[PDB]
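Engineer:
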Amino acid sequence: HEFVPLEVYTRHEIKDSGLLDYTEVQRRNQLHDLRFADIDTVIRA
Amino acid sequence: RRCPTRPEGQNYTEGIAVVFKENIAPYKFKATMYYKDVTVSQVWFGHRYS
Numbered sequence: 675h676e677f678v679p680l681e682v683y684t685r686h687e688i689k690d691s692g693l694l695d696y697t698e699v700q701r702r703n704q705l706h707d708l709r710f711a712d713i714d715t716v717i718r719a
Numbered sequence: 123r124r125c126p127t128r129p130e131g132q133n134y135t136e137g138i139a140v141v142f143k144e145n146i147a148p149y150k151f152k153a154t155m156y157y158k159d160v161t162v163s164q165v166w167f168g169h170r171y172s
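Listed in order, the protein sequences are those of chains C and B. FYI, the numbering for the first sequence is 675 to 719, going by the authors' numbering. FYI, the numbering for the second sequence is 123 to 172, going by the authors' numbering.
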């Protein structure tokens, strides 16, 4: 007889069951300046 | 003596099954966010520096 690997929920499913992930939210939020702003430019007058 | 007999044997019914489990995965969809970053900066300009 052969037993296949069977499980109700995977690690990915359990981790994604969370409504919010702090890691992903922080990752997306801290890229805000690199995307919607110019970090390097300096304006002097 | 009366020798014992085999059991009746289980009456097995062939069929097709779909097994459902409780859904924990959130309902996902695509949304679009419109907003405005308003940044007001106060600067003090010194003799040599700002």
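Idealized CB from N, CA, C, for every residue including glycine.
Return the residues of the segment 145 to 167 of chain B that lie within a Cβ-Cβ distance of less than 7 Å from chain C, sorted by chain order.
Structural biologist: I146, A147 and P148
Engineer: Roughly how many angstroms separate the alpha carbons of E144 (chain B) and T697 (chain C), rounded to a whole number?
Structural biologist: Roughly 26 Å separates the two Cα atoms.
Engineer: Going straight from the alpha carbon of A147 (chain B) to that of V699 (chain C), what length do you get?
Structural biologist: Each residue's Cα considered, the two are about 18 Å apart.
Engineer: Does the CB of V682 (chain C) have a neighbour CB from chain B at under 7 Å?
Structural biologist: yes
Engineer: Our contact map puts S172 (chain B) next to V165 (chain B) with C-beta atoms below 8 Å; I'd like the distance itself, whole angstroms only.
Structural biologist: 5 Å
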